[PDB]
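Written out below as structure tokens is the structure these notes cover.
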Amino acid sequence: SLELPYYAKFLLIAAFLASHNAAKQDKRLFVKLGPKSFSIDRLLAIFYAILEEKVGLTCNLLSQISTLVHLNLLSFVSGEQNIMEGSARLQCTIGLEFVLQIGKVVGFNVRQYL
Amino acid sequence: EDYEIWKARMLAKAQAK
Amino acid sequence: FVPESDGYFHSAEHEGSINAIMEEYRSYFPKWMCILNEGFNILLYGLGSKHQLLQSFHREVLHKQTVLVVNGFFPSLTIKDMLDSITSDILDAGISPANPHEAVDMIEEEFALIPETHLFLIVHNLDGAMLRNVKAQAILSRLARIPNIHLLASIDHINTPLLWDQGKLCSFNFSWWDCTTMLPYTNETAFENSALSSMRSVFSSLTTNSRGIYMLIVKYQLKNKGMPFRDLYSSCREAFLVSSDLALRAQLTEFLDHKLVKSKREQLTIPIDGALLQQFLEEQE
Amino acid sequence: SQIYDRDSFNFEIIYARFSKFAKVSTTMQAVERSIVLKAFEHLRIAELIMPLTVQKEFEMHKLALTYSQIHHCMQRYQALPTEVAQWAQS
Amino acid sequence: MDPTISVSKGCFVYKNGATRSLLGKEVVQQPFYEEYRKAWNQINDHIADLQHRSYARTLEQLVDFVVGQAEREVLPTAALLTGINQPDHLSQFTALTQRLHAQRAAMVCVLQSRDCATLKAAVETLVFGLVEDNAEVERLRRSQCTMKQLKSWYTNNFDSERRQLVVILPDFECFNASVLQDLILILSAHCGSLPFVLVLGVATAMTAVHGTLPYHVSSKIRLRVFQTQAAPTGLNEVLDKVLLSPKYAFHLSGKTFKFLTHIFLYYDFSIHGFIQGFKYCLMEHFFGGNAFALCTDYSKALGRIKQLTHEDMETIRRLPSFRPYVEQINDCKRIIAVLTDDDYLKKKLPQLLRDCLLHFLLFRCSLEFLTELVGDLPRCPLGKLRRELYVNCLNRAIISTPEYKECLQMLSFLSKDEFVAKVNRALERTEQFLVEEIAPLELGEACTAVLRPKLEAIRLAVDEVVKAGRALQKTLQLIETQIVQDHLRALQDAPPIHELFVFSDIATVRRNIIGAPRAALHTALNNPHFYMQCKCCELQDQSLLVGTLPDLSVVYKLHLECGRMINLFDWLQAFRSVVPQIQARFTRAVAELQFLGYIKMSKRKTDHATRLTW
């Protein structure tokens, strides 16, 4: 019963696709055991690939990244002293059923992109 | 148009009326 | 600005325009005081250096209030230094406690006692080199939440809001302003945060036997196009250039100190290409 | 541990190997995932499972027992059902 | 290079009378600041009243939980399923401490996550918070704050009396897991001796509580779950009861309303951020001059008109809605008496202000009528909520919209009984609203006297369609041409000088609330002509790379085209080919570009460059 903002939902399912879908495969899926690590640049690239509306980068989107980290939906496996420099690594910390519930309440299917 | 030239045209049309 | 994801997966007249730009930003100052009166904070995110604009705001407007200018682009400031600065200089309360959140607690409880004593806080480069962690931004957001403290700040790095979550952005009651000057970053890149001739200059300072040890290293590196310690020690003991092993070890440590020899594990390479070493050996003959 | 020669395990691996038994056990059909996770935490805090010193369901672990101790526990256990005692032999 | 910048110090103090109402009297005594302060104080007290009224049930349940534990080993604890927005519920916890201190049933310590990096610091802040809390109801050094001193301090005071020891943890997800587990085990060890209640601030779900608490920690826990309302529900309550309330003379435009609700629903569930955005909209509206001090109730507005100077009349003449009002005048002496006499307009202004206030009162009542008429229909084309029809009715003409035609079509398919029941529901709702909300407000008698005969005529047409398919079209036509056509106009078809009351300017407020630094840096590095307005730096196309550019933009245009790894030598030759001292300008461009984070130096490699933004 986790209610979230709209771009927070897209960012969270983009983080799930970044942590699950084998980062070599992102060339085939997006150009048109453990959860894998990902950088913030790959997460934003998957966000802009799955959004299909092209909202501009503002303060509130990266603030949503930081407050999804503070809500323990994402986590900092590595880095965390150099978040701004591009060397920080994140990982998603949810399961598939929550992602599918988010995809139901949004209207964006995830299993096509899985 | 600008407020100045609009007001001046309206006053000049009223004086010519 | 709507960036494309495919780029990641596939991998004079100027001075007059700058003066007009600076006058146009100088016109914003009474509106900035009216905005700071209502509890908002000013943030500037332009292209060029905004040091002179905030200095002009502190000079022309805040010439009588308590002002703590903080140079965040300084490579050696600490959040303890700013907290001790507030506590000792503004409030006369001594040195602040060693844990910074307790210091902000004491600053809140002391500023709650004195209304109509506003502290203006001008942080040049809020994303500065030692303010880029989560802790210093939490401290500055807790400081800016105080109604007595009014904050102005500049940001220049593009990844600045990655360290602000929604709580820090709710404490930082920002009013965002596009103060885009085209001035170059003279002060901000001047600090420490952002060779053949040196080798000759430190080689002229050495004595005779030190020069001979370095010429043995140069001749070995030029013949084999990192030499072991035992061959260097044998060649030094052959030409009577050293007395024992420990003097040679101290001499090679002095060579590491002045960046002439690089030690690897004992492999002793010179980080200089072979043609320049050949011209340098011709310089010594 | 006997199949992969004392390789490190996980909660997901052991829950997969347990769910392959529990669907055909007819005594363990109705167990939730959370109850098996709390039983895994009970094994972890009693130091029958030690970490290799990452999420709680994905940490790699080590068995702190020998096989002989588990084999003697299978003989000394009281009122062990025959389904578990047959799964223990193979 | 300046005396202000030092090589040793980083902070500089300019203390002027510091010890241990910012602006002057020239603006505070102005009328626009006074009316802005009054309107903001009314709206802030209304939102605080609504939030307290929303929280009071869960507050009563938490106080009953703590008192029921006081009437009575595991510690009792209370998971509070609060929302995403952590800064919003500190007022909820402050109200909980105030209600617990009012009955003197307990004494409360609030453990923030920043104070509890270790178990030592968590226990020390816990004991210090409880000791200083009871000290503040009616000082120990923090290294002497142990649990044995808490036991002796509790035995000294309250063992002769049983005061619970409530421990708030407002940010449950931000706590360290091991420190939290050890803290719960410590508080469970002292049950019986010391009565501990542990209310929580869990934000996401109960699965986080069940996951972060292991087998052994949760066995000493007797939790009971409470549920606070959702943030969109509180937003819809505030939007229906404050921003659409008829008692306030400051209305937002449809674009501004949609911008603020887009910020709430799409980015962050912070109603505090919505409050500050509405405060910035209110401030940007009211700071247009003393003419905008008229945006208040009627009699104070007449006093404000009698107070007005001449520049304020020049700002009511410059607004674009005044020009069609001057254009529709047929008389020629009347435009002379309006435009330059400055006293005939002073006599004219009460009629225009009364007409504007009456138009927005009729707009609110007619909006409520049409929301109850349309939103009960299936498929909801104009929307169910009052705010969506507010936005659609203010943005554009509602009748020419195809969605209104769809509403007429799907309302024409109805049977007789359901249709008459729906229109009777709209009638009784609008009559109840005119009784309860328009009547005590001034200029509410005129609004009721205008709107009530049309409501009686629609009720007579409802009786006519009861006593007699074809008459549903006549009922729809009376509804349209008595309510929707007249009192639900767009903002462009408003009365004259309606700007003093609406806030249409969304571009400046949008760029000042929403901050886009990367857009400004990208625009200043693509075309510098947009900011400087040079006669020579203008680019017909954004990748032209003209040679008279500023020194940074040549570097940015040379490295945007290349690959991820950036060699220094060929790009130095390219910058030499576009435009000694040129090496110093190139290295200075390297320093300016590395300062912004667009590249980073390849120290690991052979002194090359590595780009970070692609």
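Labeling convention for the structure tokens: chains A, B, ... as they appear, residues from 1 per chain, ligands from 1 in order of appearance.
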
> So which bits of chain D end up strand (DSSP E or B) when you DSSP the backbone, as a list in words?
Replying inline: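 Strand (DSSP E or B) members of chain D, listed: residues 9, 49, 50, 51, 61, 62 and 63 of chain D.
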
Please produce a file of those selected residues containing C-alpha atoms, as a PDB file, in the first residue's frame.
ATOM      1  CA  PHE D   9      24.499 -20.530   0.127  1.00  0.00           C
ATOM      2  CA  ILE D  49      24.670 -20.404  10.084  1.00  0.00           C
ATOM      3  CA  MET D  50      27.505 -17.910   9.952  1.00  0.00           C
ATOM      4  CA  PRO D  51      27.975 -15.000   7.528  1.00  0.00           C
ATOM      5  CA  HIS D  61      26.457 -17.764   4.382  1.00  0.00           C
ATOM      6  CA  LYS D  62      28.348 -20.785   5.712  1.00  0.00           C
ATOM      7  CA  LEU D  63      27.161 -23.906   7.494  1.00  0.00           C
TER       8      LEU D  63
END

>> Contacts from chain E to chain A, 10 Å maximum, only C-alpha atoms: show me the residue list as number ranges by chain.
In response: E: 83-86, 171-174, 202-208, 230-232, 262-269, 514-519, 597-600, 612-614

Residue subset to file, keeping N, CA and C atoms, as a tab-separated table (two decimals), in the first residue's frame:
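Writing the result to out-v1.tsv gives the following:
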chain	number	residue	atom	x	y	z
E	83	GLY	N	2.84	9.00	6.14
E	83	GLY	CA	3.10	9.13	4.72
E	83	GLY	C	4.57	9.18	4.35
E	84	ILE	N	4.80	9.50	3.07
E	84	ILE	CA	6.15	9.63	2.52
E	84	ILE	C	6.87	10.83	3.11
E	85	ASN	N	6.17	11.95	3.28
E	85	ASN	CA	6.78	13.24	3.58
E	85	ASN	C	7.12	13.35	5.06
E	86	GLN	N	8.39	13.09	5.39
E	86	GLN	CA	8.88	13.18	6.76
E	86	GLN	C	8.76	14.56	7.43
E	171	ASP	N	11.51	8.96	12.12
E	171	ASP	CA	12.01	8.44	10.85
E	171	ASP	C	12.54	7.03	11.08
E	172	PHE	N	11.64	6.05	10.98
E	172	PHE	CA	11.97	4.67	11.30
E	172	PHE	C	12.90	4.05	10.26
E	173	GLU	N	12.75	4.45	8.99
E	173	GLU	CA	13.55	3.86	7.92
E	173	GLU	C	14.97	4.40	7.88
E	174	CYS	N	15.22	5.58	8.44
E	174	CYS	CA	16.54	6.18	8.40
E	174	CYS	C	17.44	5.71	9.53
E	202	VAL	N	6.86	4.95	11.03
E	202	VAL	CA	7.09	4.14	9.84
E	202	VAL	C	6.35	4.73	8.64
E	203	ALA	N	7.10	4.94	7.55
E	203	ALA	CA	6.62	5.71	6.42
E	203	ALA	C	6.15	4.87	5.25
E	204	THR	N	6.81	3.74	4.96
E	204	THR	CA	6.51	3.05	3.71
E	204	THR	C	5.37	2.06	3.86
E	205	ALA	N	5.58	1.02	4.67
E	205	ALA	CA	4.57	-0.01	4.91
E	205	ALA	C	4.95	-0.79	6.15
E	206	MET	N	4.11	-1.76	6.50
E	206	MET	CA	4.42	-2.62	7.64
E	206	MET	C	5.41	-3.71	7.28
E	207	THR	N	5.65	-3.93	5.98
E	207	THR	CA	6.65	-4.90	5.56
E	207	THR	C	8.05	-4.45	5.92
E	208	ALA	N	8.29	-3.14	6.00
E	208	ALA	CA	9.58	-2.64	6.45
E	208	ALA	C	9.81	-2.94	7.93
E	230	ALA	N	-3.97	9.67	3.62
E	230	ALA	CA	-3.03	9.84	2.52
E	230	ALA	C	-2.81	11.31	2.21
E	231	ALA	N	-1.67	11.61	1.60
E	231	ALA	CA	-1.36	12.99	1.23
E	231	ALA	C	-2.21	13.55	0.08
E	232	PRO	N	-2.58	12.78	-0.97
E	232	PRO	CA	-3.58	13.33	-1.91
E	232	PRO	C	-4.94	13.61	-1.30
E	262	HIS	N	0.46	19.74	-10.23
E	262	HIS	CA	1.40	18.88	-10.93
E	262	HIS	C	2.66	18.67	-10.11
E	263	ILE	N	3.11	19.72	-9.41
E	263	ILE	CA	4.25	19.61	-8.51
E	263	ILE	C	3.94	18.64	-7.37
E	264	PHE	N	2.71	18.70	-6.83
E	264	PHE	CA	2.35	17.78	-5.75
E	264	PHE	C	2.20	16.35	-6.26
E	265	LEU	N	1.39	16.13	-7.29
E	265	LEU	CA	1.03	14.77	-7.66
E	265	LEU	C	2.12	14.07	-8.45
E	266	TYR	N	2.98	14.81	-9.14
E	266	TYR	CA	3.97	14.20	-10.01
E	266	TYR	C	5.35	14.12	-9.40
E	267	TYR	N	5.69	15.00	-8.46
E	267	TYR	CA	7.06	15.02	-7.95
E	267	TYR	C	7.15	14.63	-6.49
E	268	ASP	N	6.46	15.34	-5.60
E	268	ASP	CA	6.62	15.13	-4.16
E	268	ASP	C	5.29	15.32	-3.45
E	269	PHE	N	4.97	14.42	-2.53
E	269	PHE	CA	3.75	14.54	-1.72
E	269	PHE	C	3.98	15.43	-0.50
E	514	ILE	N	10.32	26.03	-9.40
E	514	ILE	CA	11.03	24.90	-9.98
E	514	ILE	C	12.38	25.38	-10.49
E	515	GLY	N	13.44	24.76	-10.00
E	515	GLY	CA	14.77	25.18	-10.39
E	515	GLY	C	15.42	24.22	-11.36
E	516	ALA	N	15.87	24.73	-12.49
E	516	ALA	CA	16.47	23.93	-13.55
E	516	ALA	C	17.86	24.46	-13.82
E	517	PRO	N	18.86	24.02	-13.06
E	517	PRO	CA	20.23	24.50	-13.29
E	517	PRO	C	20.85	23.97	-14.57
E	518	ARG	N	20.57	22.71	-14.91
E	518	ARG	CA	21.17	22.11	-16.09
E	518	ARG	C	20.64	22.72	-17.37
E	519	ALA	N	19.38	23.17	-17.37
E	519	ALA	CA	18.84	23.87	-18.53
E	519	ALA	C	19.54	25.21	-18.75
E	597	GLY	N	31.80	20.02	-13.50
E	597	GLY	CA	31.50	18.61	-13.54
E	597	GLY	C	31.17	18.06	-14.91
E	598	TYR	N	31.41	18.83	-15.97
E	598	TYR	CA	31.10	18.33	-17.31
E	598	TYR	C	32.13	17.32	-17.77
E	599	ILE	N	33.36	17.43	-17.30
E	599	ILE	CA	34.39	16.41	-17.48
E	599	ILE	C	35.07	16.19	-16.14
E	600	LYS	N	35.92	15.17	-16.10
E	600	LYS	CA	36.81	14.97	-14.96
E	600	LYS	C	38.13	14.47	-15.51
E	612	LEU	N	31.71	13.19	-18.48
E	612	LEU	CA	30.79	12.59	-17.52
E	612	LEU	C	29.33	12.77	-17.90
E	613	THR	N	29.02	13.62	-18.88
E	613	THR	CA	27.63	13.95	-19.21
E	613	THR	C	27.37	13.49	-20.63
E	614	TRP	N	26.79	12.31	-20.78
E	614	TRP	CA	26.43	11.80	-22.09
E	614	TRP	C	25.29	10.81	-21.98

>> Can you work out which residues from chain C touch chain E at a cut-off of 6 Å (counting only C-alpha atoms) and hand them back as a VMD selection string?
In response: chain C and resid 1 7 to 8 17 37 45 47 65 to 71 77 90 to 91 156 to 157 175 to 177

> What's the 8 Å shell around segment 9-17 of chain B, counting only C-alpha atoms, without same-chain residues fewer than 2 positions away, as a ChimeraX atom specification?
Replying inline: /B:5-7 /E:332-333,335-336

Writer output for current selection, N, CA and C atoms, as a compact mmCIF listing (two decimals), in the first residue's frame:
# COMPACT_ATOMS: atom_id res chain seq x y z
N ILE B 5 1.08 54.08 -26.88
CA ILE B 5 0.55 54.39 -28.20
C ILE B 5 -0.92 53.99 -28.31
N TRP B 6 -1.36 52.99 -27.53
CA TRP B 6 -2.77 52.62 -27.53
C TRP B 6 -3.62 53.69 -26.87
N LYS B 7 -3.19 54.17 -25.70
CA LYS B 7 -3.89 55.26 -25.02
C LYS B 7 -3.84 56.54 -25.83
N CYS E 332 -17.68 59.36 -26.34
CA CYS E 332 -16.32 59.86 -26.52
C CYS E 332 -15.84 60.69 -25.34
N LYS E 333 -16.75 61.41 -24.67
CA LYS E 333 -16.37 62.15 -23.47
C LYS E 333 -16.11 61.21 -22.29
N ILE E 335 -14.55 58.22 -22.35
CA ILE E 335 -13.16 57.77 -22.41
C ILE E 335 -12.20 58.88 -22.00
N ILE E 336 -12.53 60.14 -22.29
CA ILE E 336 -11.76 61.27 -21.79
C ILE E 336 -11.81 61.33 -20.27

>> List as an MDAnalysis selection string the protein and nucleic acid residues near residue 29 of chain C, meaning an atom at most 12 Å away when only C-alpha atoms are counted, but skip any in the same chain fewer than 2 places from it.
In response: chainID C and resid 22:27 31:36 42 53:54 56:62 152 177 179

Per residue of segment 138-217 of chain C within 9 Å of segment 125-128 of chain C, record the nearest atom pair and its distance in Å to one decimal, counting only C-alpha atoms, with rows in chain order and ascending residue number, as CSV.
residue,atom,partner,partner_atom,distance
C:153,CA,C:126,CA,5.9
C:154,CA,C:125,CA,4.9
C:155,CA,C:125,CA,5.2
C:156,CA,C:125,CA,6.7
C:157,CA,C:127,CA,6.7
C:159,CA,C:127,CA,8.9
C:160,CA,C:127,CA,6.2
C:188,CA,C:125,CA,8.7

Grab the residues selected above and save them as a compact mmCIF listing (two decimals), in the first residue's frame with N, CA, C and O atoms.
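Final output, part-v4.txt:
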# COMPACT_ATOMS: atom_id res chain seq x y z
N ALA C 153 22.94 31.56 -1.46
CA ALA C 153 23.89 30.55 -1.88
C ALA C 153 24.03 30.55 -3.39
O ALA C 153 23.17 31.06 -4.11
N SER C 154 25.13 29.98 -3.85
CA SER C 154 25.39 29.75 -5.26
C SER C 154 25.70 28.28 -5.49
O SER C 154 26.27 27.61 -4.63
N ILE C 155 25.30 27.78 -6.65
CA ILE C 155 25.61 26.42 -7.06
C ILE C 155 26.17 26.46 -8.47
O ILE C 155 25.74 27.29 -9.29
N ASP C 156 27.15 25.61 -8.75
CA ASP C 156 27.78 25.57 -10.05
C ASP C 156 27.87 24.17 -10.63
O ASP C 156 27.79 24.01 -11.85
N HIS C 157 28.04 23.15 -9.79
CA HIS C 157 28.09 21.78 -10.26
C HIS C 157 26.72 21.31 -10.72
O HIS C 157 25.69 21.68 -10.15
N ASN C 159 25.56 18.21 -10.79
CA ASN C 159 25.03 17.13 -9.97
C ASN C 159 24.73 17.58 -8.55
O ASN C 159 24.78 16.76 -7.62
N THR C 160 24.46 18.87 -8.35
CA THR C 160 24.20 19.40 -7.01
C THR C 160 22.96 18.83 -6.34
O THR C 160 23.08 18.41 -5.17
N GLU C 188 37.57 30.66 -7.97
CA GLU C 188 37.11 29.33 -7.59
C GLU C 188 38.08 28.24 -8.04
O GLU C 188 38.22 27.21 -7.37

>> As an exercise, work out the distance from atom CA of residue 52 of chain D to atom CA of residue 11 of chain D in Å and give it to one decimal place.
In response: 13.7 Å

>> Please identify the helix (DSSP H, G or I) residues within segment 64-220 of chain C (assignment by DSSP from backbone atoms) and present them as a PyMOL selection string.
In response: chain C and resi 79-90+100-111+134-144+160-162+166-171+196-203+208-220

>> Within 10 Å of chain A, which residues belong to chain D? Use only C-alpha atoms and report them as a list in words.
In response: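 On the chain D side, the interface is residues 9, 10, 12, 13, 54, 55, 57, 58, 59 and 60 of chain D.
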
>> With only C-alpha atoms as the counted atoms, please give the residues lying no more than 10 Å from residue 84 of chain D, apart from itself and same-chain residues fewer than 4 positions off, as a list in words.
In response: residues 21, 22, 25, 27, 28, 74, 80, 88 and 89 of chain D

>> Quick one: residues within 12 Å of residue 65 of chain D, only C-alpha atoms, excluding same-chain residues fewer than 6 positions away - as a ChimeraX atom specification?
In response: /D:1,6,43,46-50,71-73

Residue subset to file, keeping C-alpha atoms, as a compact mmCIF listing (two decimals), in the first residue's frame:
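Once written, result.txt looks like this:
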# COMPACT_ATOMS: atom_id res chain seq x y z
CA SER D 1 26.62 -28.24 0.68
CA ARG D 6 30.67 -26.66 0.73
CA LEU D 43 19.14 -20.45 12.39
CA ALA D 46 21.75 -19.39 16.96
CA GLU D 47 25.03 -19.60 14.97
CA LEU D 48 24.15 -22.74 13.07
CA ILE D 49 24.67 -20.40 10.08
CA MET D 50 27.50 -17.91 9.95
CA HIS D 71 23.01 -37.09 10.78
CA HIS D 72 22.96 -37.69 14.54
CA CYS D 73 20.27 -35.02 14.94

> So how many Å separate atom CA of residue 168 of chain E and atom CA of residue 108 of chain E, to one decimal?
Replying inline: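 So the answer is 7.2 Å.
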
>> From the options C:132, C:80, C:211, C:101, which residue's atoms come nearest to chain A, counting only C-alpha atoms?
In response: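 Under the stated criterion, the closest residue is C:132.
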
>> Neighbouring residues of residue 296 of chain E were defined as those with any atom within 9 Å, considering only C-alpha atoms; residues of the same chain fewer than 4 positions away were excluded. Please report them as a list in words.
In response: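 Non-adjacent residues within range: residues 35, 39, 248, 249, 250, 300, 301 and 501 of chain E.
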
Convert the current residue selection to file output with C-alpha atoms, as an mmCIF file, in the first residue's frame.
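Output file result30.cif is given in full below:
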data_model
loop_
_atom_site.group_PDB
_atom_site.id
_atom_site.type_symbol
_atom_site.label_atom_id
_atom_site.label_comp_id
_atom_site.auth_asym_id
_atom_site.auth_seq_id
_atom_site.Cartn_x
_atom_site.Cartn_y
_atom_site.Cartn_z
ATOM 1 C CA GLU E 35 -3.207 43.015 2.760
ATOM 2 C CA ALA E 39 -4.536 37.161 3.462
ATOM 3 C CA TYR E 248 -10.879 34.741 -0.022
ATOM 4 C CA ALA E 249 -10.567 37.369 -2.752
ATOM 5 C CA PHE E 250 -7.284 36.032 -4.200
ATOM 6 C CA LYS E 300 -11.719 47.860 3.032
ATOM 7 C CA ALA E 301 -11.421 47.863 -0.763
ATOM 8 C CA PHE E 501 -7.982 39.255 -8.283
#

>> as an MDAnalysis selection string, could you give me every residue of chain E near chain B (at most 10 Å apart, counting only C-alpha atoms)?
In response: chainID E and resid 317:320 323 326:327 331:336 339:340

Which residues of chain C come within 6 Å of chain A, and for each one, what is the closest pair of atoms and their distance in Å to one decimal, counting only C-alpha atoms, sorted by chain and residue number, as a Markdown table?
| residue | atom | partner | partner_atom | distance |
| --- | --- | --- | --- | --- |
| C:1 | CA | A:56 | CA | 5.4 |
| C:2 | CA | A:56 | CA | 4.7 |
| C:5 | CA | A:45 | CA | 4.7 |
| C:6 | CA | A:31 | CA | 5.6 |
| C:9 | CA | A:27 | CA | 5.8 |
| C:159 | CA | A:84 | CA | 5.3 |
| C:161 | CA | A:59 | CA | 5.7 |
| C:162 | CA | A:62 | CA | 5.2 |
| C:164 | CA | A:63 | CA | 5.7 |
| C:165 | CA | A:63 | CA | 4.6 |
| C:166 | CA | A:67 | CA | 5.8 |

> How many Å separate atom CA of residue 352 of chain E from atom CA of residue 295 of chain E?
Replying inline: 12.3 Å

>> Could you tell me which residues of chain D sit within 12 Å of chain E when counting only C-alpha atoms, and give me the result as a ChimeraX atom specification?
In response: /D:33-46,55-57
